[PDB]
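First, one chain by itself: the form deposited in one PDB entry, in structure tokens.
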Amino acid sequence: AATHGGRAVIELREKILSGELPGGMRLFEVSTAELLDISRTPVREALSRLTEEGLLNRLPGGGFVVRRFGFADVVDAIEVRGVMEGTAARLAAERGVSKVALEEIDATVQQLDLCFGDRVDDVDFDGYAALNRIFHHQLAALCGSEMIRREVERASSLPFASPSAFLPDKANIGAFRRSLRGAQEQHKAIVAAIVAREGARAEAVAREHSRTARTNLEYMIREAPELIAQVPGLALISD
């Protein structure tokens, strides 16, 4: 983005996501302007856009604060993504999907199968993460509803709430590596349930799929607390 407003959005987003501007920190207009070497006006533009994005909260009485996320908020965000993905999957099973959209999502699932070797640790991380992003974008749009697609993507927009969040390409942790086989079995079950018009199953399996991220998070809290801050998308967690 070639504008001061636009640059400030990019610069502040990066500082917030990395934990450099921590959750709970008040972002004063004059202080933020001086930090970025611009005036208060492009700063207000940037603060408004970052509030719309959900990285900042507006304070009663004026001003902006970096929205604070503790482990309970991450757990709730992952729960919400799961519920929304479960809705996208159920509505595709209930309302029906076009022949081409089913073929495309089924093709992604078959390609995801090739990321797995003969050993339980033998997984192509980068290949998996790129295809996993595609699968979840396809799932969000599958029932053809613009509103559902929009709400599913919004529920997946916080870095820790993304279907890409706790994957071994972000952080090469044994637990994240070994969680991929199970997650892939769920991708297959989601597509088969949608083809079979099994809305209750499609919802339940897509919702359970989001529990991979929560299980991986719980493993880290218990097994390597300080490593959390070193995992991308988790540096901003206040706890």
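Start at 1 and count along the sequence shown; that's the residue number. We call the rigid core the largest set of C-alpha positions that still match within 1.5 Å between the two forms.
Below, we turn to the form deposited in another entry, even though it does not appear here.
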item	value
Large Cα shift (2 Å or above) at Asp169 between the shown form and the other one, core-fitted	yes
Did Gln186 shift 2 Å or more between the shown form and the other one, C-alpha, core superposed	no
Rigid-core frame, C-alpha of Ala202, shift of 2 angstroms or more between the shown form and the other one	no
Inter-Cα distance between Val80 and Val231 in the other form, nearer or further [3 Å or more]	closer
Relative Cα spacing, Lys170 and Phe135, in the other form - shift of 3 Å or more	farther
